[PDB]
There are 6 protein chains.
Amino acid sequence: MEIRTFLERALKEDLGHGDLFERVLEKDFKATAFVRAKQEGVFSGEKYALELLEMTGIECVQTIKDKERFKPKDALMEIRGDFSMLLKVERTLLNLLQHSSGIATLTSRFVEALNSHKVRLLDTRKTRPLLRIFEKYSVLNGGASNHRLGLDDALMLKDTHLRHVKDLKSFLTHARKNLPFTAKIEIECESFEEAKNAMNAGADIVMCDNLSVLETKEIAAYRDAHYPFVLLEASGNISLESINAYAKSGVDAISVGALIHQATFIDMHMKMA
Amino acid sequence: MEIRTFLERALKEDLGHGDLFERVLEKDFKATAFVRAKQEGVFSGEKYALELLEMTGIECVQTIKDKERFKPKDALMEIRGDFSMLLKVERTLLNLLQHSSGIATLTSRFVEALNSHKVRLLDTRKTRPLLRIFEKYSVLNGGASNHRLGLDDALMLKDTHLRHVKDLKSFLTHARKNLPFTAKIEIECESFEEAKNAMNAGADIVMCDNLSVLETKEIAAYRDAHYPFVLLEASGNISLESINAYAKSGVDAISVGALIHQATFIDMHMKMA
Amino acid sequence: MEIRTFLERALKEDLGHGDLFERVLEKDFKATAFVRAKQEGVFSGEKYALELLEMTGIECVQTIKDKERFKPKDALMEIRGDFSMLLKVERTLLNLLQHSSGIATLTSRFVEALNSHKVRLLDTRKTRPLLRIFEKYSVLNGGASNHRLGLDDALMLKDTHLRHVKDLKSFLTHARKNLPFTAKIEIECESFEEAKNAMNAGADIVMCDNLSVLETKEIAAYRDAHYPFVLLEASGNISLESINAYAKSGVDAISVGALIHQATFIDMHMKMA
Amino acid sequence: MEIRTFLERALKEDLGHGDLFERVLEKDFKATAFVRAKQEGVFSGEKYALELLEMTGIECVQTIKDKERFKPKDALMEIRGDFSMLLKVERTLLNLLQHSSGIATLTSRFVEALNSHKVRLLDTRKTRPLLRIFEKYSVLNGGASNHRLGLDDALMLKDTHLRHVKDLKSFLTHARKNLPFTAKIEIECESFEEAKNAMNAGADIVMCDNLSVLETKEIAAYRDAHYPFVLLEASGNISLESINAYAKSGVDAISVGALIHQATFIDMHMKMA
Amino acid sequence: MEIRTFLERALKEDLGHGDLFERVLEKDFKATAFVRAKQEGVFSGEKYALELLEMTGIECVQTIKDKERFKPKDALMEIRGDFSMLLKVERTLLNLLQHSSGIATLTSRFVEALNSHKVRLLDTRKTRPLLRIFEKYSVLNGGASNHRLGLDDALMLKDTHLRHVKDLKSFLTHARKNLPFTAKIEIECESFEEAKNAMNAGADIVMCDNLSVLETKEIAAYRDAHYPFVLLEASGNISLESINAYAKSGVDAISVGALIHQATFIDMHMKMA
Amino acid sequence: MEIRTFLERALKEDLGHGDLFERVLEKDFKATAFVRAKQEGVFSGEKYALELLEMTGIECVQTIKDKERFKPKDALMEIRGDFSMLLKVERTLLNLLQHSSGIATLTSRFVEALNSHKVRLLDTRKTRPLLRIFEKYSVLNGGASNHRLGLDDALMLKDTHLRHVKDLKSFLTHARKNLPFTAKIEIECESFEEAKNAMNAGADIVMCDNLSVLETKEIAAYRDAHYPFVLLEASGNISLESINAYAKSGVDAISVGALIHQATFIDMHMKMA
Ligand SMILES: O=C(O)c1ccccc1C(=O)O
Ligand SMILES: O=C(O)c1ccccc1C(=O)O
Ligand SMILES: O=C(O)c1ccccc1C(=O)O
Ligand SMILES: O=C(O)c1ccccc1C(=O)O
Ligand SMILES: O=C(O)c1ccccc1C(=O)O
Ligand SMILES: O=C(O)c1ccccc1C(=O)O
């Protein structure tokens, strides 16, 4: 399976040479445990939690679903298995859920402020080492959308790359054959002119980077007049207090890396009840 | 190397099938790039950064060290190598330094508020999946100390465990020969009575879990009168606004997991020329 | 590096417990060897060959380049290193070059018959186990283009998927948010009607699957009239004797899986000269 | 299992970051699919197919066996499982069976042309990277035999080696104690004289590399008169139109690497309902 | 699980390219076998054996348990599975059990001659490569106790480490904020004057390296005068003929690496029947 | 390389989470150490040691070589590197050399008591888990010879395998087309009447299992009457006090697993200075 290795390594990291408690534990036995919330939020990590449990021979009697909301004291999952194994898994199972739900919850906040069904909230490639896929999955459970998953996923050209491209329209036209047939090219822009030249150069997507709502709005309109099939994305240090204003500019999407890199853990815990 | 694989995994996740730009960059060349700050903070991730650069074939001309403070606009690292590799490694490098430094910086604020040279600040086993060692290393670079690194490091018995241990003293006595000779045992207590009976049980370390400063002083005092070689640790949602008060409690260490799980990325970016 | 693991496993597979010859070999010594051609063709596998040599401490004095043509008796590479290691690497190094150049050469034939710079020749996801990336790279060196590299690369819907989609236009419109922001959706069609409905449904690409040149031509024209930004691909059992005719229908690309699955080894060998 | 990892690698390469359809398939369900033929041929890959299906959680209702012949339109396998997994595994399964069967079928035509029950047909160490064991297994399913599987299997000295061995007899004599007790030694010869002196040197097997049938009979005869326990093998661009002639040469085996490196995919496809 | 990788690798080394018998066997059938002893000793390796059979298909019908004594002829295990898999696992099963029991048994003889319950037998970091966890687990089954399991488990300082500092006091006092909070510091000493310094330094344990019983007692008693909590261990060489002598010297533990680095296999064997 | 993975894993088991000393050390410096012997024996493991130091940074200044004899006090290796890396590698370096030399040396004593050059000493498939290649390599360094290295190396039939067929003749005659062309078939026998059948069956080797010298000679001589080429091996138990006796029995080899499964470490140690 796609994430069985992820969980093995998550786990491996915690018990190193071997769990000391399992050595001292007099007799083992089947026990039931519950994962309870200590905060409110959106639950994320279900897919990873079931694989971890499966992986370790722990049964999953009950669980809420990946996009469900919850209040503190809510039981999130009811698991049953060896006492020794519930303990060896506990922190891994909880770090998983707490981290992942933290992102879904922070993300849900933005989706909320955004308030629009026509405009999409996107994440970024700013993720923590080894958690690209894990965190991207989290953002989804919060109610938003994912941007490309990597550098193989699509071509994104910004100032760094552009500074060395003599003729952009020429470059894009002739790059298409050295890129897979299905790839889209996106050009990051910092002005209306740049955006205009990008659309005419052949871009499939233009990123209005660090531009006022007015600026963006102008670009959005121009795209509507000419290049109606080119996609527009607004990006920059967009805050919760800033998102709604941008959703009205006409861009198709808004990306805020903070959805992942500014998210923190939600409080949960395991009761052997 | 120890963290060699870690760095390979972080990279793979990002280029997947292969970086696309690399396919269209007509002519590759050596270039220099700078990792600049956009926020003040404590630098962390040097050990990883340097290993990433080396296995990647990029040279490190200059770089500040693992604990230096810095302010916006400051140049943190100067690297040189193939243009194509600089771009392929960019996000991995930054995400790495921004995440590691975020934790160090956050920890930094607790080390100050704590304000002590006798009471050490510790982390927890609450760490993001696959980033334990990474996040623990990060905490060290903020000026604090580390707690055990795993379930193999030492034996820590809490509520769940204790509910099945009827006679501690005896349990702890006979547990010794089944643990590695060097292991220490720690017991979480939520009342003066629990701590007192843990000390008498033969505990090496006692945790004062969610107790007023007064409550804690009481245990600290008792430990000094009798049981002078038992380490006391206080923990329990200990905020930035209360650690200092707890530092005066008379404890040896104060553990706050938020140093890691409530930390966020420090703004940083890579710039050519 | 991206393909260092590929080569380790290629190699590992050949010497199993350990090369027997290196046991019996009296004295080792630096020797020079040449990879010579025994057929004509396009050379492919340079990127993999240099990594293998590097990996095993073999120097690469000279080599032709990945898209260069060659006649039999041509020296392709001049390598130098331990006699024992040249022998342990020989077959791996040659299977690499022979297989990879076999694909580039068969591919070059199609590019030739195609005779067009406006139309692109694409491969498919029909590759040999564990060689997806290796073979895709080969097709490029033959002078053609790659189709998506996998199922994460782009969405491709065909009869199998469509049979369960009530309203296609609705499905595509609402799928966009659950797919990364940069993904393109392609619909495989087996009639002019299907193609027409696909473009109107919202597809970014339509595949004219198993359609006469006339059929294709009709679809190509319609796309030009309406939906000028939708991409067209002709596919099916297109033969060398059939490609040129299709290149004149108006489609943007033609894909033939045979480029990879009908390619065979080119004759080469290593002379210790 | 032995081929467990192999199958994991093949799959990973295909879904990379994750299958996209899976993201948009609104409702998953169990379904049945058939693997049908579009060409006549010999079936191969059952061992791999079944392991792929099992680790993938797909059931195998029916399947023909590893050596059965088949014709177009024939249903080769009947499988059942989640719709989403059937689609994610489709290409990997087919590519696997089409490649394995291609080799078996091609080998099949040589086994016939050879037409003998005393002379066995062998493959070579010329196999596509990472597919050695896979391709060798495939050859077995065509009705032929396998040569050694690697450089550890046995010791085969050819031109390159021999140019540095001045006194074979002596070399072979003292080589024995440095090889594993069970190893056999083989020596490639390109003339009656070379073979004769190899036999006398103490060779277990002699290869008649690129020699007329007459030339070979000469060596075969000599081997029968003296050295009756030495295995003779003939090889050297031995085509489908000459093996039979060589079978009568008096050799024990005829090796042709093209059984693997000139084989191509057998047309096959997966169909629901 | 935790040692499933260990077993895959073990089994991987024996079969390599693939077991030859299975290519010969006509029809496979389910058969039973018995791991029977041919010598007297203490059984060990039940944990790995059961995991090996499970991940390998073979069914475990009956088995004595870790730490149970046995005599020649005794049947230690009864397994059930395919004729081929039993033959393929046989060697790997026995090597585990024999090497493991070999260490348990030799350990039990030191345990026996130690004759004490206030003193425990320890092992060392002197283990065969890749087998530490395996061999440490084997010692426990002999009835003794394990020492730390690696350099991450605890800090063990000796001359080479301390060659150079002036303080032990401050060195140790400051090494504390750099070690995980729960880690102990043991110091190896060679003279009373040394052990004396360690205790005044702040050590948590002291090793009396190959000293005399009269030398040890001086320290044992001194340890009681003050520093009643600091543990004492003192084997440097010790032997069966000298363990007991030390047990009555006043130390808490006696480590002897020979329990592992001097153990040899126990005769066992698998018989179908 | 081929055993670089072996070393990474070995070193990985010792440090785990990370060496503790390095978290304490103030300033690291380059230092020298000497692997000195404390016992007499035959050196082995030069191959792994040099690879371990290289991949680990430490520089190898001087070293005796595989198969060279040494006495107590003798300096076997002189290494140069960082103080930390030497301490971190020490244990892992010695365990390799000691366990390896331990096997070489014990093997050399059997070689010595065998006193023959027309008869070679073999080892068995009785090796510690994960150490076969290592231990087989260690025997060679003792001056003896290795047997097959696994079940893929050759086919070795005994009662359990043959319990059931009627023919050996046809069984073997047909097992040939299913085994790689270069593979040998050895048959273990327990009585003249058995070895007699094997030769008439077509065996390539025959093992005289724990028989008497008079029993062996009957077969040795018989082997000469007819079947001069089929090799003979005959140890079943053999010992130092009985090897020579067999060497003069007429067999080509004498295998004794005890060379490995009875070897113990050789005393060595690392000293800074
Ligand atoms: O990380 C970025 O620079 C980034 C920012 C916004 C959207 C997309 C990306 C991306 O690279 O995928
Ligand atoms: O996560 C915990 O329960 C924990 C909390 C505080 C200190 C230490 C730990 C630990 O297990 O290492
Ligand atoms: O393999 C196919 O069905 C296929 C065929 C033609 C183009 C693209 C693909 C693809 O899936 O990428
Ligand atoms: O590839 C070769 O050189 C080769 C050719 C013919 C038979 C066997 C081999 C072999 O090495 O196994
Ligand atoms: O090998 C050693 O130096 C050693 C010796 C005796 C006990 C413990 C150890 C240890 O380091 O764990
Ligand atoms: O372990 C055995 O049965 C064995 C014993 C002696 C020689 C060789 C072997 C072998 O199988 O390679």
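Chain identifiers are assigned alphabetically (A, B, ...) following the order of the sequence lines, protein sequences preceding nucleic acid strands; residue numbering begins at 1 within each chain. Because only heavy atoms are used, hydrogens play no part in the values below, and waters and symmetry mates are left out as well, while side chains stay in. Indexing begins at 1, ligand by ligand and atom by atom, following the structure's order.
Residue A:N237 places its CG atom among 12 or fewer non-hydrogen atoms of other residues, nucleotides or ligands, all under 6.0 Å distant. Atom NZ of F:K271 has 12 or fewer neighbouring heavy atoms from other residues, nucleotides or ligands inside a 6.0 Å radius.
Nearest-heavy-atom check against atom 1 (O) of ligand 5 across E:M156, F:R91, F:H269, E:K126 picks out F:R91. The heavy atom nearest to atom 12 (O) of ligand 1, considering only A:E188, A:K158, A:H147, A:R148, is found in A:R148.
Polar contact check, D:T124 against ligand 4: no nitrogen or oxygen pair lies under 3.5 Å apart. Considering backbone and side-chain N/O of A:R125, one or more are found under 3.5 Å from N/O of ligand 1.
Under the 4.0 angstrom criterion for non-hydrogen atoms, A:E186 is not in contact with ligand 1.
Close approach to A:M207 involves these atoms of ligand 1, each under 4.0 Å from a residue heavy atom: 6 (C), 7 (C). Ligand 5 places these atoms under 4.0 Å from at least one heavy atom of E:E233: 7 (C).
Remark: the D:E233 side chain and the D:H147 side chain contain an N/O donor-acceptor pair separated by less than 3.5 Å.
E:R148 has no carboxylate O lying under 4.0 Å from a charged side-chain N of E:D153, or vice versa, which leaves the two without a salt bridge.
Scanning all heavy atoms of the two residues, the minimum distance from A:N146 to A:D123 falls at OD1-OD2, 2.7 Å.
Put simply, CZ on A:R125 and CG on B:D14 are 4.5 Å apart, with the number rounded to the nearest 0.5 Å.
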